[PDB]
K.L.:
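Encoded as structure tokens, here's the structure I'll be asking about.
Numbers restart at 1 for each chain; the letters A, B, ... are given by sequence-line order, proteins then strands. Ligands are counted one by one from 1 in listed order, and the atoms in each one are counted from 1 as well. Because only heavy atoms are used, hydrogens play no part in the values below, and waters and symmetry mates are left out as well, while side chains stay in.
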Amino acid sequence: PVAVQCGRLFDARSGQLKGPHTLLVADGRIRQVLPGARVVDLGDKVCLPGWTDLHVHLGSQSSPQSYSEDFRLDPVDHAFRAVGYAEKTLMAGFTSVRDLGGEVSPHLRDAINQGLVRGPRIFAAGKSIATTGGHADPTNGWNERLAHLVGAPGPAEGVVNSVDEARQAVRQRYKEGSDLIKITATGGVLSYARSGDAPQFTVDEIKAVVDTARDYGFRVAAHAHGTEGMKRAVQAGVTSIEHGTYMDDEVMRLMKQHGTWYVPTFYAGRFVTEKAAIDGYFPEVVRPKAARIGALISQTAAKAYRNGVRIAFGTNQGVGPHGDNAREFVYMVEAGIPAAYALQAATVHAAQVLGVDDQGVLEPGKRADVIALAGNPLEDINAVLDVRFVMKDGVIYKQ
Amino acid sequence: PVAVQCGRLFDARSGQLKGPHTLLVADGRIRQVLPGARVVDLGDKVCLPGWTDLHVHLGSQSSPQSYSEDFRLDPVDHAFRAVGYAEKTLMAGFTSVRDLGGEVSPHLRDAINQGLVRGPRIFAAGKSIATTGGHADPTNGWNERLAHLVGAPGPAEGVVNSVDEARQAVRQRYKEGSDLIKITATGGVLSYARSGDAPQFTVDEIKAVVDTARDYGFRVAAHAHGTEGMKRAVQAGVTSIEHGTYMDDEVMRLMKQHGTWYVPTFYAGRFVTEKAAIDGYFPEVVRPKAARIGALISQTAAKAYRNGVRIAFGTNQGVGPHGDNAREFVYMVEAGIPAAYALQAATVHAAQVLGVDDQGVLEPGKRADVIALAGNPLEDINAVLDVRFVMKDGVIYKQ
Amino acid sequence: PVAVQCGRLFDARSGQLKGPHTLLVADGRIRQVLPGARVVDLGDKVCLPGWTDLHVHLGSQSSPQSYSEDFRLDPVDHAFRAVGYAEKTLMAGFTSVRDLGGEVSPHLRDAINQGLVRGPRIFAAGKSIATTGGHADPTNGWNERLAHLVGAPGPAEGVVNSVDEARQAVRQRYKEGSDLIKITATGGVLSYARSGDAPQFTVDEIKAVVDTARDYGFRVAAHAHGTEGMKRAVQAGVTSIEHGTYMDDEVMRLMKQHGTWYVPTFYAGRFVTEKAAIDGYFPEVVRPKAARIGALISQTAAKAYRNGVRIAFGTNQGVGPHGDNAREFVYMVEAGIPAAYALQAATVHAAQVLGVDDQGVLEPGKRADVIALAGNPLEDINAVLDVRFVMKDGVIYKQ
Amino acid sequence: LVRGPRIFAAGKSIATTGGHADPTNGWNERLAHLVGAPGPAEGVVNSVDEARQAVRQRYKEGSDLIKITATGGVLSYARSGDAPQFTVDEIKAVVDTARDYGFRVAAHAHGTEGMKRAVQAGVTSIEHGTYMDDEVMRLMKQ
Ligand SMILES: C[C@@H]1Cc2c(Cl)cc(C(=O)N[C@@H](Cc3ccccc3)C(=O)O)c(O)c2C(=O)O1
Ligand SMILES: C[C@@H]1Cc2c(Cl)cc(C(=O)N[C@@H](Cc3ccccc3)C(=O)O)c(O)c2C(=O)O1
Ligand SMILES: C[C@@H]1Cc2c(Cl)cc(C(=O)N[C@@H](Cc3ccccc3)C(=O)O)c(O)c2C(=O)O1
Ligand SMILES: C[C@@H]1Cc2c(Cl)cc(C(=O)N[C@@H](Cc3ccccc3)C(=O)O)c(O)c2C(=O)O1
Ligand SMILES: [Zn+2]
Ligand SMILES: [Zn+2]
Ligand SMILES: [Zn+2]
Ligand SMILES: [Zn+2]
Ligand SMILES: [Zn+2]
Ligand SMILES: [Zn+2]
């Protein structure tokens, strides 16, 4: 057991900063919250619940050589890099993440759960599900020789073109040990393809995916830049929409009526626009899309917040450098979202998005994921960049 | 010809113990039953019809090395073990069995019918039919290298994901010489998978399987632990439900309305719970499921019997050691089922489940499958563990 | 322990019938022989060591449908037939055999050694080694479609065409669990090919096979009908020559100088010639060879015995019906070989051919393989057809 | 990226068919049929040219030295543990090819005959050496 003494306590359920409190931690869970057994003295720090990043890619990090290192590097090298990526993420203050694509992440989650390596609690989607020529198609851009040798991808590889193939793909992801399902409803900006906002799924295919995923207890996250694919995904019944660059009034109304969550990923847009002044960074097929679609997310997210769409915290890390996830708070506040709502989007709304109930608040019976900051973010949001204390499941990783 | 003199005769059609009788056997069939030509003197023994076990796996027997001996052993070694397994089963008093999975069993049935080896009369299902990642998926748990080399299984291997694939799978089982069809409606407890009670078939797929099987004269047996898969299988029209650990009131009502048979398999649950005090026996993926789902069958079976669900005899042997099938009678009686009903569930109800009419009773025109016991099971059910006489199709195998 | 009381004892080391003796058996070995503890009374029987058949095929038995049942039957059916074949062989009086081809036999040997099934002690060669189009080529006679699908066989299948391929084939047989090596030096009479006495191995290939086999402790047996292939195999240094239909003076001189053993297989020749009066029994490609080469073995074997070539006992059973191996004694005696030498060729000489030292004689420290006959074979060789007692490794199988 | 010692890696071991380092030892015939018979790219050699190709394949994959299994082992799924599994010519070919690329050869050997063959062919070190006798000791000293 251990008694943690917070100087100030942030109530995520309400959104207010309370006074001094003492946390009682035993068996990895919070047992008591008394206002005013080892002692951890944090009377000088603001004492917060652990953050959750709902959009990360722990198996990669963008670089000038990213597109070339897909035919030379093996998954073991990616696994060796993911160790440092995960340690940096956990030390930045994020005790839980949702991985939205990649085959190394389930193995990293299993290794972290066994105590082999240090990192956050990972909810992994595994392989993304796409159509032929879609944003997540694994053989996009290959020359005809390589495509001929490797064959046309199918449901086992995540590429579907009918209802039965979608059902088989969801079952294949369940077989491989996934926690949720990720689909690419439209085209993207970083893939080796032409379109970036065209509808790539039919409504029937998305409905089949959602219906199959509901049987296995999964939730579905949909990547969407264009309006028609976003509308189709929202009407089919997905749980969250990522990016959503070209959201309009009708999509906003449908999302409000359906209770869909929106994850904007400010950081990815800002990073890809800043990496445009640099002359050689992107292939000639990707650079126009990256110049066009980026940095239009900020206005869309501000409009969505003003219109009443529920917003949750996500960064799309793996485009940006791991361990720098907290600058998304500063980006969110700069766009007009209040600091308290920005902090709630990472604790209580993130738990709602994940579909769990044992995390997000410092209440009895919940997991003991506690962090502390030197300053107060409610007045200066830059205080999120200095984390002094990190605890996860009752184990202290940074003191 | 031969005249068998039973001291006491058990009437399976009614469930009562009659007085002395003389059986007249010729050409493998019973011709005459007279109350009060070679002579077989069994005046000291209770004279019964041969038993039928509706759930066996003659091609395997569980052991501490069971999971490893799937990449080292060939089917010929399994065939060499099945000879002793079948002889033990026949000597235990069971003249007929229903094999519910395995590729060696049809060959063993053909060999026994030709007189090459000794054993009971086998009704074989062959390969089980499942979905991707299902309980009967042959490549569950393999590393990605082996899965890549062997390819994704399809209907010829028994893995289906649509209506047409299910039709093709039923036709493939018919082509390979099967007598019935077996599907896994939910997950299991002994497979290398995560879920154990999730719905793995849609209603349309099960209906397609049942409709195709009806054309070829087949019956469908469904493995089911969870409630939703059990409900789907019952509504689609299967003939019997195996295990049924999480049966509730609605499933019971549907089964009573549809006339579905229930096979609980007490022995498998008792054996898997007893093999839990032993420290190392099961893989870490299987042991929680085996600790959770086992020994909950006894209360479910007792409740089903009290509610009026038709119950038939089955053991799931191959988990337990072959030749010990008769302890299921003692388990059945311990749970509250009367001894006479327990004996009827193996003779006349088993014949109804199989869909035959020439066995189960000692009536003229029926097969001459007669056994004898030293004691009386109606007062002491432990008398089923001492079989003195075994006859099958007019041939005496134990005297 | 057990004390066996033989009425008359045959001394294999000398070849004489001694007087009454008492055998002392414990731990599966003979411990004491005393002229003149349970008691086995065999005072009325001649007490002999167990016989060894150096040429059997326990995985097959020739029939009118033999050539068709290579595309319809699976190895499991052959395994189910081999159980009865092995029991018949053991009951005929043969406690040890050398299997000279077939993939089921190593598995049968493993099953017998574990006590699963009853049979003799098997020394198995596994897959035969041949060249392209050779007598043991597994795809001889297939239409071009099947040959195209299955591909051209290589060293892993037993087909070699160079020194390195022969080395790899010997290593592959060692990997699969073989006890010796079998090659086909010439063509055959029962295969689906044209030639029956042409040289199919070069001297270098046979020398490579012998040199590789010597490293792993193996002995080499060579199938040979024609003179040139027989000469090449003898000069390369094989241990035994089978059939040897067209042996001449030079081959006899080379065999005498090299110490090569000769196994004639009277029974196979007599069978394939008796099955010639029957109109339809053999394919039109095989029947001329079977009519020509058969029954010429008797004169060749008689000439070889007169010339001083060492002769050992073998039948080529699997062409003839299993369990009838002892008629080879009558065939041997009919050709002029003395009865005592015929009995020695199956006991003390067979052990020399196998390369073992713990069997063949009833001496202390040897295995307890004892059989008994009603009559005396030294005066009437027909007494070998009535075996009354069978013991193997101290276990009585027939009394 | 991670902490550890300085590693000199041999990569895939080089063996013969059924050898101690054979990657498909003990597999049932179905798995062996699907995966195919291993060759030089997998590290299984049966001639001089195959040994040369195997050494070149290890060089291509980024190895620092070469490891061969001269005899059988004790922890593999095989029968023999001290039988000679390489011929002298094959080991000489391996050593000669490895000398061109600056590699050294380490030989696994329990039995006496395989140990003698590896020592005479010119390997750098002998591992285990359970059944070493006087003649092998003299050859090693020389
Ligand atoms: C392994 C991981 C897989 C992956 C997947 Cl499945 C999707 C994305 C992705 O949605 N990228 C975005 C990047 C982006 C850029 C700007 C604004 C929003 C998003 C895109 O190209 O549209 C993505 O960026 C990545 C990625 O970084 O690599
Ligand atoms: C070859 C044969 C195939 C087979 C199949 Cl298809 C199904 C089962 C099976 O239903 N096992 C059950 C074992 C079990 C355990 C407890 C209570 C009920 C059943 C399960 O794991 O859910 C099963 O046990 C077996 C088996 O034993 O191996
Ligand atoms: C499975 C087993 C494999 C086998 C092999 Cl590998 C070889 C022979 C064989 O040598 N048969 C002889 C039969 C024979 C007939 C007459 C005189 C001598 C031999 C032949 O055809 O020349 C042979 O007969 C058999 C056989 O019977 O089937
Ligand atoms: C991945 C790695 C590969 C490997 C290889 Cl290539 C060889 C050995 C090895 O030589 N093992 C020895 C173990 C041993 C045991 C006792 C005395 C000497 C050696 C053997 O089985 O003969 C060996 O042990 C291992 C091993 O441990 O796994
Ligand atoms: Zn995206
Ligand atoms: Zn993404
Ligand atoms: Zn089951
Ligand atoms: Zn079962
Ligand atoms: Zn032959
Ligand atoms: Zn033969």
K.L.:
If only side-chain N and O atoms count, and only distance matters, is there a donor-acceptor pair under 3.5 Å linking A/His243 with A/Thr265?
P.N.:
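Yes, A/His243 and A/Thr265 have a side-chain donor paired with an acceptor closer than 3.5 Å.
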K.L.:
Which of the protein's N, O or S atoms come within less than 2.8 Å of the Zn ion (ligand 7), not counting waters?
P.N.:
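For the Zn ion (ligand 7), the protein N, O and S atoms that sit under 2.8 Å away are B/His223 ND1, B/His243 NE2.
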K.L.:
Name the residue from B/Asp197, B/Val251, B/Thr245 that meets the side-chain contact (heavy atoms from CB on, under 4.5 Å) definition with B/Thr227.
P.N.:
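When B/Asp197, B/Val251, B/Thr245 are each tested with B/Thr227, the side-chain contact (heavy atoms from CB on, under 4.5 Å) holds only for B/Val251.
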K.L.:
What pairs of residues pass the salt bridge (charged side-chain N to carboxylate O under 4.0 Å, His left out) test when at least one of them lies in residues 220-230 of chain B, not counting sequence neighbours?
P.N.:
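Every salt bridge (charged side-chain N to carboxylate O under 4.0 Å, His left out) pair that includes a residue of residues 220-230 of chain B, provided the two are not neighbours, is B/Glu228-B/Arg232.
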K.L.:
List, pair by pair, the atoms of ligand 1 and of the protein that are both N or O and lie under 3.5 Å apart, giving the separation rounded to 0.1 Å.
P.N.:
| from | atom 1 | to | atom 2 | distance (Å) |
| --- | --- | --- | --- | --- |
| ligand 1 | 10 (O) | A/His223 | ND1 | 3.1 |
| ligand 1 | 10 (O) | A/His243 | NE2 | 3.2 |
| ligand 1 | 21 (O) | A/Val189 | N | 3.3 |
| ligand 1 | 21 (O) | A/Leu190 | N | 2.9 |
| ligand 1 | 22 (O) | A/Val189 | N | 3.3 |
| ligand 1 | 22 (O) | A/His225 | NE2 | 2.8 |

K.L.:
Does a side chain donor of either B/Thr186 or B/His225 reach within less than 3.5 Å of an acceptor in the other side chain?
P.N.:
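No pair is found: no donor N or O on one side chain lies under 3.5 Å from an acceptor on the other.
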K.L.:
Give the C-alpha distance, both sets of side-chain angles, the deciding distance and a yes or no for side-chain contact (heavy atoms from CB on, under 4.5 Å) between A/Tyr267 and A/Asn325.
P.N.:
CA-CA 8 Å; A/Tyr267 203 114; A/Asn325 312 39; over 6 Å; no
K.L.:
Looking at D/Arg58 and D/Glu61, is there a salt bridge between them, counting it only when a charged N and a carboxylate O are closer than 4.0 Å?
P.N.:
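Yes.
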K.L.:
For A/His57, which residues count as a side-chain contact (heavy atoms from CB on, under 4.5 Å) partner, sequence neighbours excluded?
P.N.:
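Only A/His55, A/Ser60, A/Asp99, A/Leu100, A/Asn316 meet the side-chain contact (heavy atoms from CB on, under 4.5 Å) criterion with A/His57.
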K.L.:
Give the minimum heavy-atom separation between B/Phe266 and B/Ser298, together with the two atoms involved.
P.N.:
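Residues B/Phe266 and B/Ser298, closest heavy atoms: CE2-OG, 3.6 Å.
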K.L.:
Should D/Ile14 and D/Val55 count as side-chain neighbours, where that means a heavy-atom distance under 4.5 Å?
P.N.:
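Result yes, sub-4.5 Å side-chain heavy-atom pair found.
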